[PDB]
Amino acid sequence: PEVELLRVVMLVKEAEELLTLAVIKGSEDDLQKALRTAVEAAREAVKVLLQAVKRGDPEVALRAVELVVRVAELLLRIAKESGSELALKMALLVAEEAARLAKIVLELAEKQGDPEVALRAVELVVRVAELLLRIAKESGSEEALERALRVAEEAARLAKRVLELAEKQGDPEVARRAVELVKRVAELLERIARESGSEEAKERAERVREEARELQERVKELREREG
Amino acid sequence: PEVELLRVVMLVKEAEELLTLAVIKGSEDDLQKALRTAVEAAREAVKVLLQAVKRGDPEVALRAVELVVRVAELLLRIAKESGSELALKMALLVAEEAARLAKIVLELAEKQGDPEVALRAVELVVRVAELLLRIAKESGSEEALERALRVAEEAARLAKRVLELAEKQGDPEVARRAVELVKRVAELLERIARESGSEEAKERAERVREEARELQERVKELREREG
Amino acid sequence: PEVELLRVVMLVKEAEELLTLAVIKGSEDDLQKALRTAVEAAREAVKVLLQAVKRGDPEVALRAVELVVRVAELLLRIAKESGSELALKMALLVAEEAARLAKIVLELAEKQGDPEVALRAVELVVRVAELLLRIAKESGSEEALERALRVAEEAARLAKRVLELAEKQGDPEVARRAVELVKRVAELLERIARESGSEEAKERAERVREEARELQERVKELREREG
Amino acid sequence: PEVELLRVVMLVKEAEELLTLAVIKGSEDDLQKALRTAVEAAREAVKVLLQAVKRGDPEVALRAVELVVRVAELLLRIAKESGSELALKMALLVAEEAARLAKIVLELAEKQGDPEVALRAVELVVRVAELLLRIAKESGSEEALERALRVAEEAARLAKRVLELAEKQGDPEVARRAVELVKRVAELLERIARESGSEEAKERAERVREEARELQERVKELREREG
Amino acid sequence: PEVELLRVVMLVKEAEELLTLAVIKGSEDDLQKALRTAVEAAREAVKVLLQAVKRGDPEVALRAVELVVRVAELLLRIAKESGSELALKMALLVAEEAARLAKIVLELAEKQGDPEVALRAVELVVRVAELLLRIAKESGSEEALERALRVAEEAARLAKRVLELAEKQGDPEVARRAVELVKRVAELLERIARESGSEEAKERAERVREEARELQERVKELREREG
Amino acid sequence: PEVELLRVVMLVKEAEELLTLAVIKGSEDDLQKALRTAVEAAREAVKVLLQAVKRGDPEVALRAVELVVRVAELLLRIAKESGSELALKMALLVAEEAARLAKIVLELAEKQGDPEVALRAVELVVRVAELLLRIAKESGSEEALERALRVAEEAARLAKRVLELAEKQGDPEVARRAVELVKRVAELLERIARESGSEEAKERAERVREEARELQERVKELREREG
Amino acid sequence: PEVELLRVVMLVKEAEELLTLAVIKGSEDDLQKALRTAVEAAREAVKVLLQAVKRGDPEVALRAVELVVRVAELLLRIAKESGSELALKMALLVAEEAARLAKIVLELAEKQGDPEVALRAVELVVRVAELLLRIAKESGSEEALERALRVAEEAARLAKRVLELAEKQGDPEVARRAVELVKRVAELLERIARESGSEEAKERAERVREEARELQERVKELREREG
């Protein structure tokens with residue numbers, strides 16, 4: 001699924017190029033083409049993910065989802081240039097999908113025993129959480145803000161799973177970076193809470209923040225055991 | 001896109017030469033030719049901008065927009081010599097376009113991390129704001145005055161973005177000049193308010209003026225941190 | 001059953017070709033097709049074996065099992081390229097089956113009085129024993145290692161049967177090669193013992209090794225009687 | 001597959017020519033064309049490899065992969081001239097692919113009994129390892145650095161396989177050069193460790209370095225046996 | 001590309017002649033013609049450079065760029081006689097281009113293994129750096145001063161590359177002259193710093209000056225090794 | 001296939017003419033055109049060969065390959081004038097192909113019973129062997145030297161086949177010239193050994209030299225039998 | 001096919017005119033044009049031959065081949081003036097083709113029952129045989145000499161066929177001239193033998209000479225029967 005992966009990668013790069021040209025040209029048609037190519041690439045990336053899962057290659061599976069995340073970003077950027085609420089919706093849907101697909105990669109990585117892919121899989125989810133906020137802000141959608149909130153908090157939980165795997169592996173570096181991701185989530189949760197105006201979300205941010213500290217202490221233990 | 005840039009530069013210089021000759025000759029035909037060449041150069045400059053953005057060269061991108069700004073000036077000068085309200089309109093459209101294209105250059109400069117191009121990009125926007133006022137005065141257009149007002153205020157906001165970038169870079173010289181641009185905007189906003197007779201615009205000028213002072217204090221801080 | 005044999009032979013060759021293409025193409029689909037064709041060929045080969053037994057042709061019967069052994073190898077190779085534990089299991093099952101079917105051929109050869117087919121029948125069993133080890137290693141299966149151990153030791157016993165037949169026939173060349181097969185088993189038994197970490201298996205290897213020496217002395221006697 | 005090989009060779013040469021012209025012309029379009037032709041050539045080279053494997057010609061198979069390696073180099077060079085992170089990614093993917101395809105050639109060469117093709121196959125992998133580092137440096141990718149590290153170390157292992165084959169063949173010249181490749185890997189591993197800042201990678205470099213010395217002693221033995 | 005080179009050389013000489021006649025005649029028309037011919041020659045010289053690169057002739061490639069440098073000088077001289085800020089801009093653009101094209105020649109020379117062309121290629125860059133300062137002074141452009149500063153410092157780095165090549169070749173004479181070029185850069189950097197009033201540029205000049213001393217010590221070593 | 005043969009012959013002559021003109025004109029474009037036409041002619045010649053084989057005309061088949069050999073020479077000559085390593089590679093590939101195609105002609109000639117075509121077919125192979133050396137020298141390729149070595153030695157073997165055919169036919173003149181070709185190979189093998197620095201190749205040259213003497217004695221016998 | 005015949009005739013005359021002008025002008029270009037037109041005419045003449053054969057007109061078919069023979073002569077003459085070995089080859093190929101096409105005309109004439117066309121058809125073959133010698137002499141080709149030898153001898157055989165037809169028709173005049181052609185062949189065979197230095201060819205000439213005498217005796221018989 002390596003050739004298939006790289007094929008989709010090219011499609012993602014094409015979508016970016018179409019955006020760049022569309023902006024310079026001022027062409028709504030080209031912007032539409034960028035949207036179609038971008039989304040298509042993500043859909044094809046999911047096909048690559050499936051193949052990678054069947055093959056047992058967590059690296060291709062990870063990178064496949066990464067491409068989907070990149071599409072989600074591109075869709076937002078295109079939506080902004082085009083001024084399309086539809087495109088914003090499409091970006092929102094793909095973004096959340098990317099997080100869900102990343103969780104699938106995490107599972108595979110856990111089964112394989114690769115804490116590096118597992119870590120980066122969660123990283124993608126965190127990046128999505130940011131994108132979901134950005135999309136929610138541009139669209140002005142309280143629903144999207146909720147979706148961002150849910151995914152963000154989930155990301156912290158998924159990072160904790162990576163910590164466990166890293167601890168079992170004996171890799172304090174992945175464990176360290178795993179906690180960093182949780183801290184990033186805490187930041188995102190605050191930003192989401194501010195944009196949404198949710199005191200509940202503020203509490204959730206605080207809880208994850210404290211969790212990060214507790215998880216960091218676990219990393220310290222691991223480092224002591226590892227040396 | 002360097003050769004392409006210089007090619008368009010020659011076209012801009014040609015347009016100027018056509019104006020100079022047209023004035024000495026007293027030829028309406030030559031004045032028309034100057035208009036066609038000037039606008040064409042700006043259109044080709046935008047093509048160069050696109051290429052520069054694709055290449056990742058913020059300097060060529062900046063200079064491309066600069067040429068468009070020079071065209072806008074030339075179009076005004078030609079319109080005055082010809083006495084053409086159409087040419088004044090064309091000058092107005094190109095002028096505003098230049099500001100919009102300059103903002104694109106600013107974005108690129110921010111992505112590159114070049115506060116010098118970012119600064120000069122905003123400078124071009126400020127120069128456009130002046131041109132928009134001058135065009136509005138010659139045309140006697142309240143719409144053009146509004147357009148000048150909007151772009152001028154925007155310029156101040158864009159300069160503040162440059163300040164942020166300069167602060168992150170640690171360049172107090174760009175930060176200093178960024179505030180200067182904001183002060184220039186405040187002046188332009190006053191001049192626009194006077195020509196339009198708008199008490200609202202007067203308020204906007206005052207707000208930007210005070211903003212400039214606040215931004216200057218930020219520059220002071222940066223200088224203290226830099227030494 | 002000669003045409004039927006050659007038909008299945010083509011199927012086995014097809015399975016190989018599908019693997020080769022699948023590897024070059026990087027196609028999991030083609031790898032699946034290779035698995036299906038390979039196993040099918042073995043199943044059809046068993047049908048040919050049945051016909052050969054009914055006909056009384058020990059040569060076709062032998063070659064039918066040979067094809068099954070080749071399938072077992074192909075299934076392992078395909079399993080490695082695909083990374084499929086299922087395919088590894090399928091390879092294991094077919095491999096052991098091949099040995100069992102080879103023993104049937106041995107019986108037929110003994111009834112016919114053909115020590116050459118009888119010898120080669122056991123050779124196939126020895127080849128299976130090797131394949132079973134290789135499969136066990138790739139799968140990491142202690143069960144498969146046990147299965148390899150049992151078949152390997154059996155092979156030595158079956159070779160001794162060939163020796164008896166060869167001695168009765170008066171063919172010292174088959175008798176000689178029969179002992180060689182036993183020595184090969186002793187090697188395989190050691191390799192299996194090492195991979196499994198079994199001191200019992202080590203003893204079994206030693207016993208067969210000594211047996212081979214004793215069987216070689218029998219061959220010497222036969223050669224002396226034959227001249 | 002000889003005509004097909006030479007056809008692809010021409011495509012690779014074309015890609016180079018397109019780069020050279022693009023640089024002299026300063027054409028981003030031509031640079032894009034170079035990227036498309038280069039990658040296409042590599043894809044077609046893989047098709048040639050498949051044919052060569054089916055034919056049983058390890059020389060065409062080797063040269064097919066060589067072309068892919070040359071493409072990887074060209075893609076890097078083009079990416080540098082274009083300033084394209086996408087092109088850098090494409091170069092990275094093709095480079096690693098080349099190493100994987102070279103390993104396939106090694107397998108074929110081992111089956112054929114040709115230690116010269118086997119050696120050169122590994123040489124290509126070593127060349128890829130260098131390219132992977134160069135690509136990682138230009139892209140600034142820690143992932144690419146990891147990929148370079150893994151392939152480099154693998155190259156040493158593959159060279160050791162060539163040594164075995166050469167020893168079995170009785171060719172001390174291939175054996176000698178095989179060790180040289182391992183030494184080159186050790187150098188690359190150090191360079192990768194320095195760029196990545198990895199103490200682990202430094203250890204890996206040291207281990208391969210010592211391995212090379214041990215492998216050289218094996219070559220000495222072979223030379224003594226050969227005379 | 002030798003005939004093509006000499007053809008362009010004639011065009012450059014023509015441009016000079018047009019200037020000389022224009023000055024004696026006092027003809028602005030002829031001055032314009034000189035500008036058009038001069039720039040055209042440089043553009044054609046770049047075409048010759050491309051051909052030379054494709055041919056593999058570093059001498060023609062070098063001389064092609066030399067012609068471009070001569071054009072840059074002529075454009076400045078013409079701009080001064082005409083009093084044209086446009087012509088000054090054109091001179092600035094061509095001058096910088098010449099340095100960039102000279103660097104391409106350096107690359108070719110390094111690939112060829114010709115330290116003499118490599119040296120002279122950098123010499124041209126140094127000459128451009130001087131021209132850039134002279135142009136900046138006549139135009140009164142702080143931007144041009146910056147461009148001169150950047151190219152000047154680059155020239156020193158490029159000369160150091162020549163030193164490396166000369167050291168590898170074993171030519172202490174090229175190595176010696178390479179350092180001389182660096183010293184000339186240090187002078188130019190000071191002059192630029194004085195005209196620009198930049199304390200940073202003064203530091204850069206000092207750093208290159210000290211570098212030159214260090215590079216001279218390397219030349220001493222080379223001379224000792226060479227004898 | 002006679003008209004087709006002559007058509008390709010014209011293409012070969014065209015390629016030569018293009019070279020001659022390209023040299024006089026100094027045109028890299030024309031040199032490229034010469035390369036394209038030359039290679040195309042060889043490809044079309046192979047098509048003619050196929051037709052000739054189907055027709056059963058060993059004379060057209062021979063001359064078809066002759067044209068390919070002439071192309072190989074032209075490609076070398078063009079590569080030298082252009083200074084193209086790619087063209088040298090193309091020449092190498094076509095040269096070796098010509099030898100392989102000549103061997104096909106030999107087979108046909110043997111089946112037909114024409115010792116004159118058979119002889120000339122091998123002559124072409126010998127001419128290729130020389131060309132392969134010349135190409136290897138110009139390219140500096142040890143691989144090409146190996147290829148030249150292998151083809152040269154093969155040529156001697158193919159000449160021996162011609163001797164057999166000539167002996168069966170009763171033609172001592174073809175037999176005589178066949179041995180001459182072997183002697184020419186021995187010379188080429190020495191030259192290759194000298195350029196490659198291979199003591200093995202020197203031995204191979206000696207073996208063929210002695211073989212030639214032995215083959216000449218066979219010719220003597222044939223002459224005695226013929227009268 | 002009469003109009004088509006005359007059309008080609010004009011083309012042949014044009015080719016002659018082009019030669020005559022080229023010689024007077026001293027133009028290599030015109031000589032090339034003569035070659036292209038000449039060969040083209042022959043190719044078109046063969047098309048006319050096909051049509052004539054389909055129509056059943058042996059006179060047009062004969063004259064069509066005659067034109068091809070005239071082309072062969074012209075090609076030789078042009079080759080001599082141009083000094084082109086390629087043109088000599090083209091002349092050789094067309095010349096031999098003409099003989100082959102003439103034999104086709106002979107067949108048609110035999111089927112029609114026209115001994116006059118049959119005679120003249122062979123005459124053309126004899127004329128070709130002469131041309132083949134002349135071409136071989138100018139080119140210095142032993143192969144061409146062989147081709148001339150084979151065609152010459154064939155001509156005698158074809159003339160004997162005409163004799164048979166003439167005898168069946170009862171035309172002693174065609175029979176007489178048929179033998180004359182054989183005598184002319186005998187002369188040509190001697191000339192070829194002298195140029196080639198072939199004792200075999202000398203024998204062949206003698207055999208045909210004696211044959212001519214025997215054939216003349218047959219003519220005598222026919223004359224006696226006819227009166």
# chains A, B, ... in the order shown; residues from 1 in each chain; ligands from 1
call {"tool": "residues_around", "arguments": {"residues": "residue D:117", "least_positions_apart": "2", "cutoff": "7 Å", "atoms": "only C-alpha atoms", "output": "JSON, numbers by chain"}}
result
{"D": [58, 59, 62, 109, 114, 115, 119, 120, 121]}
call {"tool": "write_last_selection", "arguments": {"atoms": "N, CA and C atoms", "output": "PDB file, in the first residue's frame"}}
result
ATOM      1  N   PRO D  58      18.885 -11.056 -13.626  1.00  0.00           N
ATOM      2  CA  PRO D  58      19.205 -10.270 -12.440  1.00  0.00           C
ATOM      3  C   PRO D  58      19.922  -8.981 -12.813  1.00  0.00           C
ATOM      4  N   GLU D  59      20.452  -8.933 -14.032  1.00  0.00           N
ATOM      5  CA  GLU D  59      21.179  -7.762 -14.507  1.00  0.00           C
ATOM      6  C   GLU D  59      20.224  -6.637 -14.885  1.00  0.00           C
ATOM      7  N   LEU D  62      18.585  -5.487 -11.663  1.00  0.00           N
ATOM      8  CA  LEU D  62      19.488  -4.580 -10.962  1.00  0.00           C
ATOM      9  C   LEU D  62      19.444  -3.183 -11.568  1.00  0.00           C
ATOM     10  N   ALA D 109      19.451 -12.361  -7.202  1.00  0.00           N
ATOM     11  CA  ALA D 109      20.868 -12.607  -7.441  1.00  0.00           C
ATOM     12  C   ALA D 109      21.368 -13.793  -6.626  1.00  0.00           C
ATOM     13  N   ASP D 114      24.694 -15.114  -8.504  1.00  0.00           N
ATOM     14  CA  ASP D 114      25.517 -14.032  -9.034  1.00  0.00           C
ATOM     15  C   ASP D 114      25.875 -13.030  -7.946  1.00  0.00           C
ATOM     16  N   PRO D 115      27.101 -13.121  -7.443  1.00  0.00           N
ATOM     17  CA  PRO D 115      27.524 -12.312  -6.307  1.00  0.00           C
ATOM     18  C   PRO D 115      27.827 -10.880  -6.732  1.00  0.00           C
ATOM     19  N   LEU D 119      26.102  -7.868  -4.925  1.00  0.00           N
ATOM     20  CA  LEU D 119      26.907  -6.790  -4.362  1.00  0.00           C
ATOM     21  C   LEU D 119      26.376  -5.426  -4.786  1.00  0.00           C
ATOM     22  N   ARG D 120      26.176  -5.255  -6.089  1.00  0.00           N
ATOM     23  CA  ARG D 120      25.758  -3.968  -6.635  1.00  0.00           C
ATOM     24  C   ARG D 120      24.351  -3.604  -6.182  1.00  0.00           C
ATOM     25  N   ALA D 121      23.523  -4.625  -5.965  1.00  0.00           N
ATOM     26  CA  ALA D 121      22.188  -4.420  -5.421  1.00  0.00           C
ATOM     27  C   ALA D 121      22.246  -3.754  -4.051  1.00  0.00           C
TER      28      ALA D 121
END
call {"tool": "interface_residues", "arguments": {"of": "chain D", "to": "chain F", "cutoff": "8 Å", "atoms": "only C-alpha atoms", "output": "list in words"}}
result
residues 6, 10 and 13 of chain D
call {"tool": "atom_distance", "arguments": {"atom1": "atom CA of residue E:108", "atom2": "atom CA of residue E:56"}}
result
7.7 Å
call {"tool": "residues_around", "arguments": {"residues": "stretch 209-211 of chain B", "least_positions_apart": "4", "cutoff": "12 Å", "atoms": "only C-alpha atoms", "output": "PDB file with C-alpha atoms, in the first residue's frame"}}
result
ATOM      1  CA  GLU B 153      -7.652  51.223   8.724  1.00  0.00           C
ATOM      2  CA  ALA B 156      -2.907  49.719  10.579  1.00  0.00           C
ATOM      3  CA  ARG B 157      -4.125  46.237  11.493  1.00  0.00           C
ATOM      4  CA  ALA B 159       1.158  46.754  10.486  1.00  0.00           C
ATOM      5  CA  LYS B 160       0.259  45.387  13.915  1.00  0.00           C
ATOM      6  CA  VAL B 179       4.346  51.637  14.223  1.00  0.00           C
ATOM      7  CA  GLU B 180       5.414  54.503  11.970  1.00  0.00           C
ATOM      8  CA  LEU B 181       3.191  53.028   9.264  1.00  0.00           C
ATOM      9  CA  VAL B 182       0.277  52.977  11.705  1.00  0.00           C
ATOM     10  CA  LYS B 183       0.890  56.649  12.483  1.00  0.00           C
ATOM     11  CA  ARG B 184       0.885  57.371   8.752  1.00  0.00           C
ATOM     12  CA  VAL B 185      -2.460  55.587   8.516  1.00  0.00           C
ATOM     13  CA  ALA B 186      -3.829  57.764  11.316  1.00  0.00           C
ATOM     14  CA  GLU B 187      -2.821  60.803   9.276  1.00  0.00           C
ATOM     15  CA  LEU B 188      -4.450  59.372   6.153  1.00  0.00           C
ATOM     16  CA  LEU B 189      -7.607  58.548   8.101  1.00  0.00           C
ATOM     17  CA  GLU B 190      -7.843  62.173   9.218  1.00  0.00           C
ATOM     18  CA  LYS B 202     -12.528  61.096  12.555  1.00  0.00           C
ATOM     19  CA  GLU B 203     -13.165  58.726  15.458  1.00  0.00           C
ATOM     20  CA  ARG B 204     -11.473  55.898  13.559  1.00  0.00           C
ATOM     21  CA  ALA B 205      -8.455  58.133  12.986  1.00  0.00           C
ATOM     22  CA  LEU B 215       2.065  49.846  19.765  1.00  0.00           C
ATOM     23  CA  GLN B 216       5.073  52.122  20.233  1.00  0.00           C
ATOM     24  CA  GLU B 217       5.140  51.114  23.898  1.00  0.00           C
ATOM     25  CA  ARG B 218       5.304  47.497  22.743  1.00  0.00           C
TER      26      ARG B 218
END
call {"tool": "atom_distance", "arguments": {"atom1": "atom CA of residue E:176", "atom2": "atom CA of residue E:65"}}
result
23.0 Å
call {"tool": "residues_around", "arguments": {"residues": "residue G:102", "least_positions_apart": "2", "cutoff": "9 Å", "atoms": "only C-alpha atoms", "output": "PyMOL selection string"}}
result
chain G and resi 61-62+65-66+97-100+104-107+118+120-125
call {"tool": "write_last_selection", "arguments": {"atoms": "N, CA and C atoms", "output": "PDB file, in the first residue's frame"}}
result
ATOM      1  N   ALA G  61       3.312  -3.062 -66.973  1.00  0.00           N
ATOM      2  CA  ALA G  61       4.100  -3.730 -65.945  1.00  0.00           C
ATOM      3  C   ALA G  61       5.582  -3.737 -66.304  1.00  0.00           C
ATOM      4  N   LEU G  62       5.879  -4.068 -67.555  1.00  0.00           N
ATOM      5  CA  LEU G  62       7.253  -4.056 -68.044  1.00  0.00           C
ATOM      6  C   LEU G  62       7.866  -2.666 -67.928  1.00  0.00           C
ATOM      7  N   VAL G  65       8.786  -1.447 -64.432  1.00  0.00           N
ATOM      8  CA  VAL G  65      10.064  -1.975 -63.970  1.00  0.00           C
ATOM      9  C   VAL G  65      11.229  -1.293 -64.676  1.00  0.00           C
ATOM     10  N   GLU G  66      11.058  -1.038 -65.968  1.00  0.00           N
ATOM     11  CA  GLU G  66      12.051  -0.296 -66.740  1.00  0.00           C
ATOM     12  C   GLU G  66      12.405   1.021 -66.060  1.00  0.00           C
ATOM     13  N   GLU G  97      16.216  -5.021 -56.675  1.00  0.00           N
ATOM     14  CA  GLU G  97      14.758  -4.986 -56.654  1.00  0.00           C
ATOM     15  C   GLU G  97      14.188  -4.987 -58.067  1.00  0.00           C
ATOM     16  N   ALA G  98      14.790  -4.187 -58.940  1.00  0.00           N
ATOM     17  CA  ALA G  98      14.340  -4.089 -60.326  1.00  0.00           C
ATOM     18  C   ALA G  98      14.351  -5.451 -61.005  1.00  0.00           C
ATOM     19  N   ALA G  99      15.426  -6.203 -60.794  1.00  0.00           N
ATOM     20  CA  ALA G  99      15.543  -7.547 -61.350  1.00  0.00           C
ATOM     21  C   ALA G  99      14.438  -8.455 -60.826  1.00  0.00           C
ATOM     22  N   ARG G 100      14.177  -8.372 -59.527  1.00  0.00           N
ATOM     23  CA  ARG G 100      13.125  -9.167 -58.904  1.00  0.00           C
ATOM     24  C   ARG G 100      11.753  -8.800 -59.459  1.00  0.00           C
ATOM     25  N   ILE G 104       8.828 -10.815 -62.001  1.00  0.00           N
ATOM     26  CA  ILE G 104       7.378 -10.784 -61.854  1.00  0.00           C
ATOM     27  C   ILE G 104       6.697 -10.460 -63.176  1.00  0.00           C
ATOM     28  N   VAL G 105       7.260  -9.501 -63.908  1.00  0.00           N
ATOM     29  CA  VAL G 105       6.761  -9.155 -65.234  1.00  0.00           C
ATOM     30  C   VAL G 105       6.885 -10.334 -66.191  1.00  0.00           C
ATOM     31  N   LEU G 106       8.014 -11.030 -66.125  1.00  0.00           N
ATOM     32  CA  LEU G 106       8.220 -12.232 -66.922  1.00  0.00           C
ATOM     33  C   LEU G 106       7.107 -13.245 -66.692  1.00  0.00           C
ATOM     34  N   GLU G 107       6.806 -13.508 -65.425  1.00  0.00           N
ATOM     35  CA  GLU G 107       5.722 -14.414 -65.065  1.00  0.00           C
ATOM     36  C   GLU G 107       4.412 -13.992 -65.716  1.00  0.00           C
ATOM     37  N   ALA G 118       8.137 -10.691 -72.305  1.00  0.00           N
ATOM     38  CA  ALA G 118       8.942 -11.657 -71.561  1.00  0.00           C
ATOM     39  C   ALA G 118      10.425 -11.475 -71.850  1.00  0.00           C
ATOM     40  N   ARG G 120      11.940  -8.719 -73.067  1.00  0.00           N
ATOM     41  CA  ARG G 120      12.389  -7.410 -72.602  1.00  0.00           C
ATOM     42  C   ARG G 120      12.477  -7.362 -71.083  1.00  0.00           C
ATOM     43  N   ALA G 121      11.612  -8.130 -70.423  1.00  0.00           N
ATOM     44  CA  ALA G 121      11.664  -8.263 -68.972  1.00  0.00           C
ATOM     45  C   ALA G 121      13.007  -8.822 -68.518  1.00  0.00           C
ATOM     46  N   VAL G 122      13.463  -9.874 -69.189  1.00  0.00           N
ATOM     47  CA  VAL G 122      14.759 -10.469 -68.897  1.00  0.00           C
ATOM     48  C   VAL G 122      15.897  -9.525 -69.265  1.00  0.00           C
ATOM     49  N   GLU G 123      15.739  -8.824 -70.384  1.00  0.00           N
ATOM     50  CA  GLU G 123      16.698  -7.804 -70.789  1.00  0.00           C
ATOM     51  C   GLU G 123      16.963  -6.817 -69.662  1.00  0.00           C
ATOM     52  N   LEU G 124      15.898  -6.388 -68.993  1.00  0.00           N
ATOM     53  CA  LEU G 124      16.017  -5.478 -67.861  1.00  0.00           C
ATOM     54  C   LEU G 124      16.841  -6.097 -66.739  1.00  0.00           C
ATOM     55  N   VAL G 125      16.627  -7.388 -66.501  1.00  0.00           N
ATOM     56  CA  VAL G 125      17.390  -8.120 -65.494  1.00  0.00           C
ATOM     57  C   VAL G 125      18.870  -8.154 -65.845  1.00  0.00           C
TER      58      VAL G 125
END
call {"tool": "residues_around", "arguments": {"residues": "residue G:1", "least_positions_apart": "2", "cutoff": "10 Å", "atoms": "only C-alpha atoms", "output": "list in words"}}
result
residues 3, 4, 5, 6, 7, 47, 48, 49, 50, 51, 52, 53, 54, 55, 57, 60, 61 and 64 of chain G
call {"tool": "write_last_selection", "arguments": {"atoms": "N, CA and C atoms", "output": "compact mmCIF listing (two decimals), in the first residue's frame"}}
result
# COMPACT_ATOMS: atom_id res chain seq x y z
N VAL G 3 -1.78 6.25 -67.07
CA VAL G 3 -1.54 7.60 -66.56
C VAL G 3 -0.60 7.57 -65.37
N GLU G 4 -0.79 6.60 -64.48
CA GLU G 4 0.10 6.42 -63.34
C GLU G 4 1.52 6.11 -63.78
N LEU G 5 1.65 5.25 -64.78
CA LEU G 5 2.95 4.93 -65.35
C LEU G 5 3.66 6.19 -65.86
N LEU G 6 2.95 6.98 -66.65
CA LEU G 6 3.52 8.18 -67.25
C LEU G 6 3.86 9.22 -66.20
N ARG G 7 3.05 9.26 -65.14
CA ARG G 7 3.33 10.14 -64.01
C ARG G 7 4.67 9.81 -63.37
N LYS G 47 4.29 0.48 -57.39
CA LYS G 47 2.85 0.64 -57.24
C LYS G 47 2.13 0.49 -58.58
N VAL G 48 2.71 1.09 -59.62
CA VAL G 48 2.17 0.95 -60.97
C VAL G 48 2.23 -0.49 -61.43
N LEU G 49 3.34 -1.16 -61.14
CA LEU G 49 3.50 -2.58 -61.46
C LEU G 49 2.36 -3.40 -60.86
N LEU G 50 2.09 -3.18 -59.58
CA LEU G 50 1.00 -3.87 -58.90
C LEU G 50 -0.32 -3.67 -59.64
N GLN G 51 -0.63 -2.42 -59.97
CA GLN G 51 -1.85 -2.10 -60.70
C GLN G 51 -1.88 -2.80 -62.05
N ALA G 52 -0.75 -2.78 -62.75
CA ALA G 52 -0.65 -3.40 -64.06
C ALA G 52 -0.89 -4.90 -63.98
N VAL G 53 -0.36 -5.53 -62.93
CA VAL G 53 -0.56 -6.95 -62.71
C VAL G 53 -2.03 -7.27 -62.45
N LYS G 54 -2.69 -6.41 -61.67
CA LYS G 54 -4.11 -6.57 -61.39
C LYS G 54 -4.95 -6.33 -62.63
N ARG G 55 -4.52 -5.38 -63.46
CA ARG G 55 -5.22 -5.07 -64.70
C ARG G 55 -5.01 -6.18 -65.73
N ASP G 57 -2.06 -6.04 -67.72
CA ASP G 57 -1.32 -5.36 -68.78
C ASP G 57 0.18 -5.52 -68.60
N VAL G 60 2.54 -2.22 -69.52
CA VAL G 60 2.69 -1.24 -68.45
C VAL G 60 3.54 -1.80 -67.31
N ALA G 61 3.31 -3.06 -66.97
CA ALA G 61 4.10 -3.73 -65.95
C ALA G 61 5.58 -3.74 -66.30
N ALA G 64 6.97 -0.15 -66.17
CA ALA G 64 7.08 0.24 -64.77
C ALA G 64 8.41 -0.20 -64.18
call {"tool": "residues_around", "arguments": {"residues": "residue E:195", "least_positions_apart": "2", "cutoff": "8 Å", "atoms": "only C-alpha atoms", "output": "ChimeraX atom specification"}}
result
/E:137,145,191-193,197
call {"tool": "residues_around", "arguments": {"residues": "residue D:163", "least_positions_apart": "3", "cutoff": "6 Å", "atoms": "only C-alpha atoms", "output": "ChimeraX atom specification"}}
result
/D:160,166-167,175,178
